[PDB]
Each structure stands twice: as C-alpha cells, then as structure tokens.
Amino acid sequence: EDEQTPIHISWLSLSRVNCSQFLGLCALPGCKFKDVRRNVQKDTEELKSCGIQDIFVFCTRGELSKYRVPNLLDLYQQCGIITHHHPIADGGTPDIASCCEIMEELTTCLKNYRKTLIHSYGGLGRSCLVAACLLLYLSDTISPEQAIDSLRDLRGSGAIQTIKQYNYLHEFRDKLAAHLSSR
C-alpha cells in the first residue's frame, strides 16, 4: 500500500469533445497529510519519467506548505516542467476570469500536443471541476450532466462531490459567455 507505489495518473480522453489529446489528472505530488504521505522529489521524478511537459496546479502557496510541498512549484521548475499556477480557493470555484485563463492555456497546450497534467489536493474536487469545465469548453454540444459522468468514469462516482461544483458546472457556459464584456 501507499507512498512508494508510483504516482498514478488518470488519463482522460477528450474525444467525445472531439479532441485527440488526453488530459491527465492526479492528486498532490508529495502530499503528507491524513493517512497520506509521499516523496515529493520521487513523485516529481516519476512525472518526468512519465513524460510531463506542462503542469496545472490549483492549490495555493497556502496549501503547498500545509502539505509540506512548499517548493513543489520549484521542484517542477527545475525538472523541465512548465508550470501554470492557478490557485482556486479551497472548497471554492474559480472566478470566471480565472477559470477562463485555465481553459485557454489548457486548450493551447493540447492544440500544441503538450503532455499536460493538472491537479489540486484531492483530485476529486477542484481538478474534476476544472476538467469538467474543459469539456463544456471544447464543446457546445456536451451536457454538464455528461462531462460529470466523464470524470465519474475517470475518477469514481465521487467525481464532482460538492453541490457548489455541480451548480458551477451548469452555469459555466453562461458565466463564460457573460464574460462577453470584450471591453
């Protein structure tokens, strides 16, 4: 069991949103908290062993230290990984303008065949939300209902856990458009 088992990565197919790419999801690399501890460096290496170019992190300096992975971003830095920090409040949802950057950058990476991996702490909340959003974002035909099942298929029936997340998903398309204010 645990910590010395190589770091898992759930590869989500983006074909049903008509993309050939795959997006990757995992839990905090190196996380040491509640019945969960690991080796940052080692996990971090396995990723590079795994082929990872770009990495999207949704924690917060606040969280990186609380899980004892302060330098995480750096270990990523000096490991060949282009990291994109996009903290999302814990137990929260991103503001549309932030959530928007994520979709963009994320999309680009894929458009440009980059081995992209995303994560927050638990990988069952924030990251599922964000991945679910990219589905609604690469397709105007896919239903919130569906994208959810997509992640549930990927990560378990505990996919989008919260209700705030569920609501957020059903309103992403609107709020995203409502970001119509080209300005």
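Start at 1 and count along the sequence shown; that's the residue number.
- Note on 76-84 vs 100-108: mean CA B-factor is higher in 76-84.
- For the two regions 134-142 and 30-38, the entry's Cα B-factors average higher over 30-38.
- Of the candidates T44, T116, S127, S150, the one whose C-alpha carries the top B factor in the deposited record is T44.
- In this PDB entry, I52 carries a Cα temperature factor that places it within the middle third of its chain's modelled residues.
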